[PDB]
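Coordinate inspection notes
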Amino acid sequence: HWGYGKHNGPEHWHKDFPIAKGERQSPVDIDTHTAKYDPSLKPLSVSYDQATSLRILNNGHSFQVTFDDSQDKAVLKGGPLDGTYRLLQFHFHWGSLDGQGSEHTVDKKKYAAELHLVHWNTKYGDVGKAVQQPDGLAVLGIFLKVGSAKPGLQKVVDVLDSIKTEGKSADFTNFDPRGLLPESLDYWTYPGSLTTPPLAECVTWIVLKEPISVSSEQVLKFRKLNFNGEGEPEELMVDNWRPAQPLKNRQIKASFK
Ligand SMILES: Cc1ccccc1-c1ccc(S(N)(=O)=O)cc1
Ligand SMILES: [Zn+2]
């Protein structure tokens, strides 16, 4: 059904998911001169020391690394958030060439890729319930530019050949997501949505100002993945990003001056 091609891509999604044309859709362009510095915003608290990664999976739209979210082991707190959000999974969006791939943009600039660390609010008990609430999820977004390699990404890229096609998964234990984070936790924040179906308007977005650098060899491995299942015509998993959506009645706030 839905995907990123001409006949099933972002321009078509509203037919099955009418909230695609809603009031708080993501991603958006971050206009840095219009974002308001908010001195009342707290530093982000990222507590990933006890993270337990479980599996890595090709779901036909990205690859994701899933974590044990049955306890408060890897949590996001502080920043614009009230309460505690458990890390469920991370995944990426990327392009066919380095000049596109990110979902959020910064002054209309596109990065080569964007990492999403997906967390849900423990007050709702499970992610399915959280997706039905306006403060249900917090997604930490991190831009990728191409240059030097990111050592903490290498364990991920080295197993991608084992999950080439839709439906494949593998053990992916003892992965430390702290190795994917930039130095600074300075961020922009705004109320938005999931960027893939169901496009639910349940996300507090926290987008880091500082990109991480990854090497061309690392991104090339992303681009060898397939949208298709094994045995179906090969279609490279590239350009799996939704473009910027209308900001409408929203304010983007900055944690930094
Ligand atoms: C939370 C969720 C539940 C069921 C199906 C898809 C999702 C999901 C999670 C994260 C994103 S994003 N790309 O906004 O980080 C999109 C959908
Ligand atoms: Zn995403």
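Considerations on the site of ligand 1
Near ligand 1, the surroundings consist of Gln89, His91, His93, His116, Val118, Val131, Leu137, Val139, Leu194, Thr195, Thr196 and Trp205. For ligand 1, a nitrogen atom lies 3.2 Å from a polar atom in the side chain of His91. The separation between an oxygen atom of ligand 1 and a polar side-chain atom of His116 is 3.4 Å. For ligand 1, whose accessible area on its own is 420 Å², the fraction buried by protein is 78%. Among the secondary structure elements, those contributing two or more residues to the shell around ligand 1 are β7 (85-94), β9 (113-121) and β10 (137-146). Here the shell around ligand 1 gets 3 residues from one element, more than from any other, and that element is β7. A class-by-class count of the residues in the shell around ligand 1 yields 6 nonpolar, 6 polar and no charged.

What to know about the packing of aromatic side chains
Across all of its chains, the model carries 15 aromatic pairs by this definition. With 6.3 Å between their ring centres and 20° between their planes, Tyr4 and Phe227 make a pair best called stacked. One end of the pair, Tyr4, is in the segment before β1 (29-30); the other, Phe227, is in the loop between α3 (216-222) and β15 (253-254), and 223 residues separate them in sequence. By relative accessible area, which is 15% here, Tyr4 ends up buried. Between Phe90 and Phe92, the aromatic rings sit 6.0 Å apart at their centres with planes inclined by 90°, giving edge-to-face as the arrangement. Members of the aromatic cluster, each reached through a chain of ring pairs, are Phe63, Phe67, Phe90, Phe92, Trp94, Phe172, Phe175 and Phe222. The ring of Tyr111 has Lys109 lying over it, and the distance from NZ or CZ to the ring centre is 4.9 Å. Sitting above the plane of the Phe172 ring, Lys155 keeps its charged end 5.3 Å from the centroid.

With respect to the nonpolar core
The nonpolar side chains of a soluble globular protein tend to be buried, and buried together. If you look at the biggest cluster of nonpolar residues, it comprises 42 residues, and the most contacted ones within it are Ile56, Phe63, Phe90, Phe92, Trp94, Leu117 and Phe222. Elements supplying a minimum of two residues to this core: β5 (63-67), β7, β9, β10, α2 (154-157), β13 (203-208), β14 (212-214) and α3. Those residues in contact with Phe222, other than ones at most four positions away along the chain, are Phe63, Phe92, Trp94, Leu144, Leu153, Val157, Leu160 and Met237.

Some details on the pairing of strand β12 (residues 187-192)
The element β12 is largely enclosed, with a buried count of 5 among its 6 residues. Note that β12 and β15 share 2 bridges and pair antiparallel. Residue pairing across strands places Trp188 opposite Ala254, the latter belonging to β15.

Considering the coordination of the zinc ion (ligand 2)
Surrounding the zinc ion (ligand 2) are the protein donor atoms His91 (NE2), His93 (NE2) and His116 (ND1), which sit 2.0 to 2.1 Å from the metal. Relative to the metal, the 4 donor atoms surrounding the zinc ion (ligand 2) lie at angles of 99 to 119°, and the coordination shape comes out tetrahedral. Read N to C, the donor residues that coordinate the zinc ion (ligand 2) are spaced as H-x1-H-x22-H. Of this pair, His91 sits in strand β7 while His116 sits in strand β9, and the two are 25 residues apart along the sequence.

Thresholds, definitions, all that
- Residues numbered from 1 in each chain as written, not as in the entry; some residues may be left out.
- Chains lettered and ligands numbered in written order.
- Heavy atoms only, no water.
- Near = heavy atom within 4 Å.
- Polar contact = N/O pair within 3.5 Å; in protein donor to acceptor, adjacent residues only side chain to side chain.
- Areas by Shrake-Rupley, 256 points an atom, 1.4 Å probe, with all protein chains shown as cover.
- Helix = DSSP H or I, 4+ residues; strand = E, 2+ residues; numbered from the N terminus.
- Nonpolar A, V, L, I, M, F, W, Y, C, P; charged D, E, K, R; others polar.
- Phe/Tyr/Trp six-rings, centres within 6.5 Å; stacked < 30°, edge-to-face > 60°.
- Buried < 20%, exposed > 50% of the residue type's maximum accessible area, 1.4 Å probe, protein only.
- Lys NZ or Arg CZ within 6 Å of the ring centre and 35° of its normal.
- Core = buried A, V, L, I, M, F, W, Y, C linked by side-chain atoms within 4.5 Å.
- Contact = heavy atoms within 4.5 Å.
- Pairing = 2+ DSSP bridges.
- Donors = N, O, S within 2.8 Å, 3.2 Å for Na, K, Ca; no water.
- Tetrahedral: all angles 85-135°; square planar, octahedral: opposite > 155°, others 65-115°.

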